[PDB]
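# Structural features, examined
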Amino acid sequence: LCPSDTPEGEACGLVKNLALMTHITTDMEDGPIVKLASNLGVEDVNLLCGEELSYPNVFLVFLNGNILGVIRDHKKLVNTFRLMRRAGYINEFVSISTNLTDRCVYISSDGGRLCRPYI
Amino acid sequence: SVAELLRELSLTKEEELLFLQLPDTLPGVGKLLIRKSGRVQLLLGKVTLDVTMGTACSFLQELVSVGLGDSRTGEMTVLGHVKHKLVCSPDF
Amino acid sequence: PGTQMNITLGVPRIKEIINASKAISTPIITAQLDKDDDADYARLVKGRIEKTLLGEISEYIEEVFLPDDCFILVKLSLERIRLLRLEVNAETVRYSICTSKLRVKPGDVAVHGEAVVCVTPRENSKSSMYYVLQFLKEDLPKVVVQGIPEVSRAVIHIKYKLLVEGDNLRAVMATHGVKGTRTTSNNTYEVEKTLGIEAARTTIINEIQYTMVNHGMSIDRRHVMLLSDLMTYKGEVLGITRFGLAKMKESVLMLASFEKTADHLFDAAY
Amino acid sequence: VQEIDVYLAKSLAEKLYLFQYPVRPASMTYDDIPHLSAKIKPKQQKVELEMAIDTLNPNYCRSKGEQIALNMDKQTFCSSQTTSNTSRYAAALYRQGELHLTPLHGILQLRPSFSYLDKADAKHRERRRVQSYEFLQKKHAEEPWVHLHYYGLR
Amino acid sequence: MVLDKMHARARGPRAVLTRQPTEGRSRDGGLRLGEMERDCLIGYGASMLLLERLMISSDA
Amino acid sequence: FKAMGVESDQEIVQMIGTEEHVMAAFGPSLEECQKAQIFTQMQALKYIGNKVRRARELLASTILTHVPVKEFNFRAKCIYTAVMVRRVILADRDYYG
Amino acid sequence: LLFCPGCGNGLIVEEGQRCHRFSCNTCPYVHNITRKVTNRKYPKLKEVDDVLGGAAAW
Amino acid sequence: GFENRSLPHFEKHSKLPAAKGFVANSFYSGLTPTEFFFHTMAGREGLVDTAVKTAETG
DNA sequence: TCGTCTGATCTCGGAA
DNA sequence: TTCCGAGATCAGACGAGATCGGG
RNA sequence: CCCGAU
Ligand SMILES: [Zn+2]
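Residues are labelled from 1 along each chain in written sequence order, independent of how the entry numbers them, and those without coordinates are excluded. To label them, take the chains in the order written and letter them from A, then take the ligands in the order written and number them from 1. As shown, the structure covers only some chains of a larger assembly, and all values describe those chains. Only hydrogens and water are removed before side-chain values are computed, so all heavy atoms of the structure are retained for them. Residues with missing side-chain atoms are left out of burial classes, side-chain pairs and their counts.

### A look at the side chain of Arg9(E)
Residues and elements named next belong to chain E. Put simply, the test is: Helical segments are the DSSP runs of H or I of at least four residues, strand segments are the runs of E of at least two, and each set is numbered from the N terminus. We define a polar contact as two N or O atoms separated by no more than 3.5 Å, with the added condition that, inside protein, one atom must be a possible hydrogen donor and the other a possible acceptor, whereas residues neighbouring each other in sequence contribute only through side-chain atom pairs.
Among the structural elements, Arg9 can be located in the segment before helix 1 (35-43). A polar contact is formed between the side chain of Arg9 and the backbone oxygen of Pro13, at a distance of 2.9 Å. Side-chain polar atoms of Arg9 contact the backbone oxygen of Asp28, separated by 3.3 Å.

Next comes the structure, spelled out in structure tokens:
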């Protein structure tokens, strides 16, 4: 968003303006996202309650807000999806992000996310 | 601990039941290779190299392998307990 | 000029003063001491007036399982109690574990060791076998051992004085070491309840003229000498809200032109 | 470089059903061979057994008496299934010289069945939707003729 | 531009309900001497102005 | 949690925290407060929901935490509630993710 | 929180003869004089600082 | 605003100057893109507060 | 949108 | 045993600049 | 109600 383009008065920071090189995303199907998630390594509903806990190697994959299993190695998952997206097998817009404070990786195929390109 | 099980399997000859999540590949003797540095790779059928390494914490519960023989006409018999799970992933 | 540690100083301070609310955010009572020349003596006064929960001063507490009972135990860090200048002892804790609303009101709580460990076994009723002991392990390291319970914490400042972030004024004014003749608040209600109305007039003069010179914004005192003297002339401090106008004015349309036009017109027809 | 080979062992794995226990991790508890009174279903196993309680712990006594039904005392189980797609997991028995793959059937978790408090409340009373499916099983729940026994088999 | 904003109202239409001058320049205006400007006229002590400015030339 | 099918209390802590250090202070909070009234039963603990919801609540627990899907296999629903509790014991509204 | 092997319903201590009889099916482990230990070490209030006049001039 | 980092150009947990709001260039030599953003962020707190203060002091 | 003040029921506690 | 009175704990309220301009 | 002025 533009930092300096805003009204003043009632809407001093409540009516923003999009910047130049942005792109709002549209929705898509979640088929190949799940299909690559379950190959790359995830498992849920068979794991003992204890697993998903303070143990470091339990990053739990979340897609669009629904848990899709847990991965022992977060890096392989974030990196492999990212190489796959760059290769073009997964839609360019989908984003894999990782929060290490709470071990949840976050595959978002939401549609409506503010996006932008980088080199 | 990824290749340790194989070395521990090497340390005691006792047969160990293992849990394997193969990738979702339909059928279109397999070979397992342990790379130097512990990077176990299963060079499976079709000569594809699938990397399988580590898994969820296991043994934190009792997981038991049982062969249901339809005991009304057979027997349900526990054959083994469980060991660390193993997950197989395709590689790129 | 309204248009033009932490203490609130802006318009949310002046709006907080004019309302004269009973409870304000960040109330601060400053206090001068008798012997303002050494940090250790004012240390001793500081621990005397700021609250310290049983939890803050102790080592590894737990229940301990002995045949036919389960008594809790507290190891009570004694290096600390001498480090933080404060005067607790296991007798003083035992009086403070008592009369502390946790129903331990009898002499069930004991005093073991070398005045270094207290023990309370078990209550009488309300699932007394275990469920009060798992209840007891939570409320026991949150009873105030000593000090004014209301006061959040007291911070020294250098001659020496100490400012508190609390509200219980006369319990602070009466402690040993603080010359209670020279101690002020910034909560104009707790000066009105404790120090009379005339000291509550002088804080409304001061704490407006303190927050007005803090923001630049010079102002005559004769304006604040009028606003304070209106605000406290009918008995008690009447803050200028919707509610304080009812206790200040008799005429209806002056109240009815202000807020609550519906109720003020019907009630004055009743 | 252990190059151990994996046999795609065709030894019938249709019999193989993994059983899980999110109940017994405290002291390497093994379920123990002696207990019988075995009852098992093919779909939604609901393993019902003779997990008779010890008497080394001191009698338990009146509260056991207070239990109402205990039949020594069955500590049965209802199988929480997790069989959505059930071929993603198919490992078997592995030496350091040989490796035998076998594709299992649906894994089933086995938490403890109560039904003592369930039946207990009913007793006081005396004083969902298509829950069982269209065919009411009429069979899977009937199947418990069970024999857990010890045999070295592959 | 000041041609769109120049405005004066001598005596014109009054609103049908409250018989005060209307709001807007499109409706020949009358600008609200608001209650904040009432206090300014209070603080000057001008008493006979406020009777003139809020009874005589608004709602007589 | 007992209404959701996981009836035992060992499972619930195993969900919330196996490493205990602060998730032990989940213990005397609620699973004791659950146990303080003798109410260990799955069907009976739908019943307390069956009163306040203004056997009949197997369905009306689908209008609670919706998008975690259930086919009357509530195991996926439990972890998502357990992770919601997991955050609190470990504890930005304007941030553009 | 010590759990029950057999139902898993959490620790209850009956003060009769030192057992752990749970609200469910009795599994009372009558722990002998083994001494229970739960010392959850708290925090210790740590001294003070004089809030000095080293800097206020700027 | 991000995790342990003011803008994703700096490193995580950087407490460095010119990574948490210091601008080195004056207005003659012109601000740089991170520097221009932090000056905008500190500039809007002027504009935001006059909207809300007059909503209260009125 | 809380934020405020109000005023309306409960409960552990002392006096006769 | 009694209980009469009082500190504790929810629920509901009715507030939140000023003007001017046009569709 | 939006927008816009200050
Ligand atoms: Zn039990």
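### Regarding the side chain of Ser58(B)
Residue and element names in this part refer to chain B. As a reminder, the rule being used: Whether a residue is buried, partly exposed or exposed follows from its accessible area with a 1.4 Å probe, protein chains only, as a fraction of its type maximum: under 20%, in between, or over 50%, in that order. Here, residues are in contact when the closest pair of their heavy atoms is within 4.5 Å.
In this structure, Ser58 sits in the loop between strand 5 (49-52) and strand 6 (62-68). We classify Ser58 as buried; its relative accessible area is 16%. Of the polar contacts made by the side chain of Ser58, one reaches the backbone oxygen of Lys83; its length is 3.2 Å. For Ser58, the contacting residues outside a window of four places in its chain are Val82, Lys83, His84 and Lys85.

### Observations regarding unusual backbone geometry
Residues and elements named next belong to chain C. Within the chain, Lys126 stands out as a residue other than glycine whose phi angle is a positive 60°. For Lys126, the location among the structural elements is in the loop between strand 6 (117-119) and helix 5 (131-139). Residue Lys126 is classed as exposed on the basis of its relative accessible area of 61%. For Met217, which is not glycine, the phi torsion reads 45° and is therefore positive. For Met217, the location among the structural elements is in the loop between helix 8 (198-214) and helix 9 (221-231). The class for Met217 is partly exposed, based on a relative accessible area of 22%.

### Things to note about the packing of aromatic side chains
Definition in use: The pairing test for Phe, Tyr and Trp rings, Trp by its six-membered ring, is centres within 6.5 Å, and the orientation test on the planes gives stacked under 30 degrees, edge-to-face over 60, and tilted for anything in between. Charge-over-ring placement is defined geometrically: NZ (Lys) or CZ (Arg) within 6 Å of the ring centre, and within 35 degrees of the ring normal.
Under the counting rule described, the total for this entry stands at nine aromatic pairs over all chains. A centroid spacing of 6.5 Å and a plane angle of 20° characterise the contact between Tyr133(D) and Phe135(D), whose relative ring orientation is stacked. What makes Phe135(D) partly exposed here is its relative accessible area of 34%. Ring-pair connections join several aromatic residues into one group, and the members of that group are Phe62(A), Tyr106(A) and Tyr80(F). The ring of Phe74(F) carries the charged tip of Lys70(F) above its face, separated from the ring centre by 3.6 Å.

### Things to note about the protein's contact with DNA strand J
Here is the rule: If a single non-hydrogen atom of a residue is within 4 Å of a molecule or strand, that residue counts as near it. Charged residues are taken to be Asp, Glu, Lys and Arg, nonpolar residues to be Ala, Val, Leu, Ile, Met, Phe, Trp, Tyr, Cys and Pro, and polar residues to be all remaining types, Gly included.
All residues adjacent to DNA strand J are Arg242(C), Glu259(C), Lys260(C), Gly24(E), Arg25(E), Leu31(E), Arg32(E), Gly34(E), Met36(E), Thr54(H), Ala55(H) and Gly58(H). Each atom of DNA strand J within 4 Å of the protein belongs either to a base or to sugar and phosphate, the latter forming 81%. With respect to DNA strand J, the side chain of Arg32(E) contributes an N or O atom lying 2.9 Å from a phosphate oxygen. Partitioning the surface near DNA strand J into residue classes produces three nonpolar, four polar and five charged.

### A word on the interface of chain B and chain D
Definition in use: In short, buried area is how much 1.4 Å probe accessible area vanishes from two parts on joining, totalled over both. Salt bridges are defined as contacts in which a side-chain nitrogen from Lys or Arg sits within 4 Å of a carboxyl oxygen from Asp or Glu.
Each side of the interface is counted separately: chain B has 40 residues, and chain D has 43 residues. Both faces combined, the contact of chain B with chain D buries some 4100 Å², and carbon together with sulfur accounts for 62% of it. A salt bridge links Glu143(D) to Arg72(B); the shortest N-O distance between them is 3.4 Å. The tally of links from chain B across to chain D stands at 19 residue pairs in polar contact. If you list the elements that add at least two residues to the side of chain B that touches chain D, you get helix 1 (4-11), strand 1 (16-17), strand 2 (19-21), strand 3 (30-34), strand 6 and strand 7 (76-80) of chain B. No other element matches the seven residues that strand 6 of chain B contributes to the side of chain B that touches chain D. When the residues that make up the side of chain B that touches chain D are grouped by side-chain class, the tally is 20 nonpolar, ten polar and ten charged.

### Here we look at the pairing of strand 2 (residues 16-21) of chain D
Quick note on the threshold: Two strands are counted as paired when DSSP detects at least two bridges linking them.
By the criterion of burial, strand 2 of chain D is predominantly enclosed, with six of the six residues buried. On strand 2 of chain D, burial covers both faces: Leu16(D), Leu18(D) and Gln20(D) on one face and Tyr17(D), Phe19(D) and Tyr21(D) on the other are all buried. By the bridge criterion, six bridges tie strand 6 of chain B to strand 2 of chain D in an arrangement that is antiparallel. Each residue of the ladder has a partner; that of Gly67(B), found in strand 2 of chain D, is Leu16(D). Two elements, strand 2 of chain D and strand 6 (residues 108-109) of chain D, share two bridges in a ladder whose sense is parallel. Residue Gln20(D) lies in a different strand from strand 6 of chain D, and its bridge partner there is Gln109(D).

### Description of the packing of helix 1 (residues 11-19) of chain C against helix 8 of chain C
Residue and element names in this part refer to chain C. Keep this limit in mind: Fitted lines through C-alpha atoms give the axes, limited to the stretch in contact for helices. The angle between two N-to-C directions lies from 0 to 180 degrees. Here is the rule for angles: anything less than 35 degrees is roughly parallel, anything more than 145 is roughly antiparallel, 65 through 115 is roughly perpendicular, and the remaining ranges are oblique. Each helix crossing is assigned a hand: it is left-handed if the near helix lies turned anticlockwise from the far helix by less than a right angle, otherwise right-handed if that turn is clockwise.
Their axes nearest at 10 Å, the elements helix 1 and helix 8 cross at an angle of 165°. Here helix 1 lies roughly antiparallel to helix 8, going by the angle between them. Read as a crossing pair, helix 1 and helix 8 show a hand that is left-handed. Each of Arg13, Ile14, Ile17 and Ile18 in helix 1 lies in contact with helix 8, whose residues at this interface are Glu207, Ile208, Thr211 and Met212. Grouping the constituent residues of the contact of helix 1 with helix 8 by class yields five nonpolar, one polar and two charged.

### A short note on the sheet that holds strand 8 (residues 154-157) of chain C
All names here are of chain C. Sheet architecture is open: four strands sit in the order 8-9-1-10, paired in antiparallel fashion. Looking at the sheet topology across the chains shown, the edges are occupied by strand 8 and strand 10 (178-184). With direction set aside, neighbouring strand axes in the sheet form an average angle of 30°. Against the sheet, helix 2 (residues 41-49) contacts strand 1 (29-33), strand 8, strand 9 (161-164) and strand 10, and its axis sits at roughly 20° relative to strand 9.

### Considering a nonpolar patch on the surface
Basically, it comes down to this: Candidates for patches are residues over 30% relative accessible area with no salt bridge; among them, like charges are joined within 9 Å and nonpolar side chains (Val, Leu, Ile, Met, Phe, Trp, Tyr) within 5 Å. Values of accessible area rely on a 1.4 Å probe in the Shrake-Rupley scheme; residue burial ignores everything except the protein chains shown.
A surface patch of nonpolar side chains, about 480 Å² in accessible area, is lined by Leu1(A), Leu18(A), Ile24(A), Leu114(A) and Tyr96(F). Its place among the elements puts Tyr96(F) in the segment after helix 5 (75-90).

### Details of the nonpolar core
For clarity, the threshold we go by: Buried residues of nine kinds, namely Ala, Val, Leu, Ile, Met, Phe, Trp, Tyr and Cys, make up a nonpolar core once their side-chain atoms join them within 4.5 Å.
Counting residues in each nonpolar core, the largest one holds 36 residues, and the members touching the most others are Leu54(C), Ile57(C), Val93(C), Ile97(C) and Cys118(C). At the level of elements, strand 4 (69-73), helix 4 (90-97) and helix 5 of chain C are the ones that each hand at least two residues to this core. Tallying contributions element by element places helix 5 of chain C first for this core, with four residues. Not counting residues up to four positions away in its chain, the partners in contact with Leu54(C) are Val74(C), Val93(C), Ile97(C), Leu140(C), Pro141(C), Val143(C) and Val145(C). Counting 23 residues, the second largest nonpolar core, distinct from the first, contains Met4(F), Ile12(F), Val13(F) and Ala82(F).

### Comments concerning the packing of helix 1 (residues 31-40) of chain A against helix 2 (residues 74-87) of chain A
Residues and elements named next belong to chain A. At a minimum axis separation of 11 Å, helix 1 and helix 2 run at an interaxial angle of 140°. Here helix 2 runs oblique to helix 1, going by the angle between their axes. Helix-helix and strand crossings are classified by hand; for helix 1 and helix 2 the assignment is right-handed. Within the contact between the two elements, helix 1 uses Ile33, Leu36, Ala37 and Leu40 and helix 2 uses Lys76, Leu77, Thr80, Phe81 and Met84. Looking at the contact of helix 1 with helix 2 residue by residue, the classes come out as seven nonpolar, one polar and one charged.

Limitation: the analysis is restricted to geometry and does not speak to function.
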